[PDB]
Amino acid sequence: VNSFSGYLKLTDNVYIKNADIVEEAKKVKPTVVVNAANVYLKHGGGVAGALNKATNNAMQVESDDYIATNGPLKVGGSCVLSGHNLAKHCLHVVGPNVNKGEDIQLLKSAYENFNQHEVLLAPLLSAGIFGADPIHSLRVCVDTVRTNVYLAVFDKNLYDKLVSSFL
Ligand SMILES: O=C(O)Cc1cccc(O)c1
């Protein structure tokens, strides 16, 4: 048993809910929250702008130190940093950004990072301002992630479409 409430079960291991991932993280304080990161960990907008704002910019301060030491992530890659006031840990995962010309095949590599963690609160990778088809992102998630993933979908209209079209 875990602390996640109100999710629809899609598969053995994948759950979904219409929720603000910021508000969900603040309520649950999961072990791992996933950020929709870019390779520079520049948390300007979307989930990383919203997650970073909720940390009062402490996520960005930590991230800048990480990049100064290690250099940029790979598209498809990840790093584990603090979860600040939102979670124990934040898994910063870089899905391909379609609006920058990145290979959508890298979305499966991105979701493979989730398998290193037994339970996660996550957004749909490469959705929203990263420009991918969210229906596709949910299919890749279901067919790639084997650990227990709790997906927060901000947009109620998209949530209903994801559920109603799910095979
Ligand atoms: O949550 C959503 O409704 C779709 C979305 C919006 C912003 C970033 C995402 O990964 C996904």
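Numbers given for residues start from 1 on each chain and follow the written sequence, which can depart from the numbering in the entry; residues without coordinates are excluded. Hydrogens and water are ignored here; the side-chain numbers use all heavy atoms of the structure. Residues with missing side-chain atoms are left out of burial classes, side-chain pairs and their counts.

Structure determination for this entry, per the PDB record, employed X-ray crystallography and reached 1.0100 Å resolution.

As named in the PDB entry, the chain is Non-structural protein 3, taken from Severe acute respiratory syndrome coronavirus 2.

Chemist: Tell me about the packing of helix α5 (residues 134-144) against helix α6 (residues 156-164), and name the residues and values.
Modeler: Helix packing for two helices is described by the angle between their axes and how far apart those axes are. Simply put, an axis is a line fit to the C-alpha atoms, just over the touching stretch for a helix, and the angle between two N-to-C directions goes from 0 to 180 degrees. Labels follow the DSSP assignment, with helices taken as runs of H or I lasting at least four residues and strands as runs of E lasting at least two, numbered in each case from the N terminus. Their axes nearest at 10 Å, the elements α5 and α6 cross at an angle of 55°. Between α5 and α6, the angle is such that the two are oblique. Handedness of the crossing formed by α5 with α6: right-handed. Contacts between α5 and α6 pair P134, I135 and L138 from the former with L158, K161 and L162 from the latter. Should an angle fall under 35 degrees it is taken as roughly parallel, and over 145 as roughly antiparallel, whereas 65 to 115 is taken as roughly perpendicular and any remaining angle as oblique. Two helices crossing with the near one rotated counterclockwise from the far one by less than a right angle form a left-handed crossing, whereas a clockwise rotation gives a right-handed crossing. Contacts between residues were defined by any pair of non-hydrogen atoms, one from each residue, lying within 4.5 Å.

Chemist: Can you break down the pairing of strand β7 (residues 148-153) residue by residue, with the values?
Modeler: Note on exposure labels: buried denotes an accessible area under 20% of the residue type's maximum, exposed denotes more than 50%, and partly exposed covers the range between, all computed with a 1.4 Å probe on protein chains only. Extensive coverage of β7 is indicated by the burial of five of its six residues. The pairing criterion is simple: DSSP has to find at least two bridges between the two strands. Here five bridges tie strand β2 (residues 14-18) to β7, and the two strands are oriented parallel to one another. Bridge pairing in β7 places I16 opposite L151. Bridge analysis of strand β6 (residues 119-122) against β7 gives four bridges, and the strand direction is parallel. For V119, the partnering residue across the bridge sits in β7 and is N148. Seen with its strands pointing away from the viewer, a crossover is right-handed if its path from the first strand over the helix to the second goes clockwise. In this view, the connection linking β6 to its parallel neighbour β7 by way of α5 has right-handed handedness.

Chemist: I'd like a rundown of the nonpolar core, residues and numbers included.
Modeler: Throughout, nonpolar core names a set of buried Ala, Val, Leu, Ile, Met, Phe, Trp, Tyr and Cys residues whose side chains join them through atoms within 4.5 Å. Counting residues in hydrophobic clusters, the biggest one holds 27 residues, and the most contacted among them are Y111, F114 and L151. Per-element accounting of this core gives the leading share, four residues, to α5. Once residues within four sequence positions are removed from consideration, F114 is found in contact with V34, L91, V93, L120, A122, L125, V145, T147 and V149.

Chemist: Which residues make up the site of the ligand, and what values go with them?
Modeler: Lining the immediate environment of the ligand, one finds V47, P123, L124, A127, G128, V153, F154, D155 and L158. A distance of 2.7 Å separates an oxygen atom of the ligand from a polar backbone atom of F154. As used in this structure description, the phrase polar contact means that two N or O atoms lie within 3.5 Å; if the pair is within protein, one of them must be able to donate a hydrogen and the other to accept it, and residues adjacent in sequence are counted only when both atoms belong to side chains. In the model, an oxygen atom of the ligand is placed 2.9 Å from a nitrogen or oxygen of the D155 main chain. For the ligand, whose free accessible area comes to 310 Å², the fraction covered by protein is 84%. Put simply, the ligand lies in the largest pocket. What makes a residue near a molecule or strand is one non-hydrogen atom of that residue sitting within 4 Å of it. Computed with the Shrake-Rupley method and a 1.4 Å probe, the accessible areas treat only the protein chains shown as cover for residues. A pocket, in this scheme, is an open set of points on a 1 Å grid over the protein atoms alone with protein on both sides within 12 Å along at least 5 of 7 lines, while a cavity is a set where a 1.4 Å probe fits but cannot get out; residues line either one if an atom lies within 4 Å of a point. Each molecule is assigned to a cavity or pocket provided more than half of its atoms lie within 2 Å of the corresponding grid points.

Chemist: Just give me the short version of the layout of surface pockets, but keep the residues and values in it.
Modeler: Of the voids in this model, the largest pocket is the one considered here, and its volume is about 590 Å³. Looking at the largest pocket, it is lined by 30 residues, and the ones nearest its centre are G46, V47, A127, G128 and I129. A total of four residues in the lining of the largest pocket trace back to one element, the largest contributor, which is helix α2 (residues 46-54). Residue classes in the lining of the largest pocket are distributed as 18 nonpolar, eight polar and four charged. Grid points are joined across faces, edges and corners, and a volume is the space filled by probe spheres set on the points. When residues are sorted by character, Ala, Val, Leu, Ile, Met, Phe, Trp, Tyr, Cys and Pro go into the nonpolar class, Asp, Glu, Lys and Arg into the charged class, and all the rest, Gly among them, into the polar class.

Chemist: Explain unusual backbone geometry residue by residue, including any values.
Modeler: Phi is positive for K29, which is not a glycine, with a value near 55°. Turning to its location among the elements, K29 is positioned in the loop between α1 (21-28) and β3 (32-36). In this model, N57 sits at a positive phi of 80°, which is unusual for a non-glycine residue. The residue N57 is located in the loop between α2 and α3 (58-70) in this model.

Chemist: Please give an account of α3 that cites residues and values.
Modeler: Each α-helix winds once per 3.6 residues, and so residues spaced three or four apart point in a common direction. Between the first and last C-alpha of α3 there are 18 Å, a value that for 13 residues agrees with the 18 Å anticipated at 1.5 Å per step. If you check which residues of α3 are buried, you get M59, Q60, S63, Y66 and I67. Seen end-on, α3 carries its buried residues on one side only, within an arc spanning 120°. Summarising the geometry of α3, the exposed residues directed more than 90 degrees from the buried face are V61, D65, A68 and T69. Of the residues one or two after α3, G71 is the one with positive phi, at around 80°. Here, expected helix span is obtained from the residue count minus one, scaled by 1.5 Å. Note that the arc is defined by the directions from the helix axis to the C-beta atoms.

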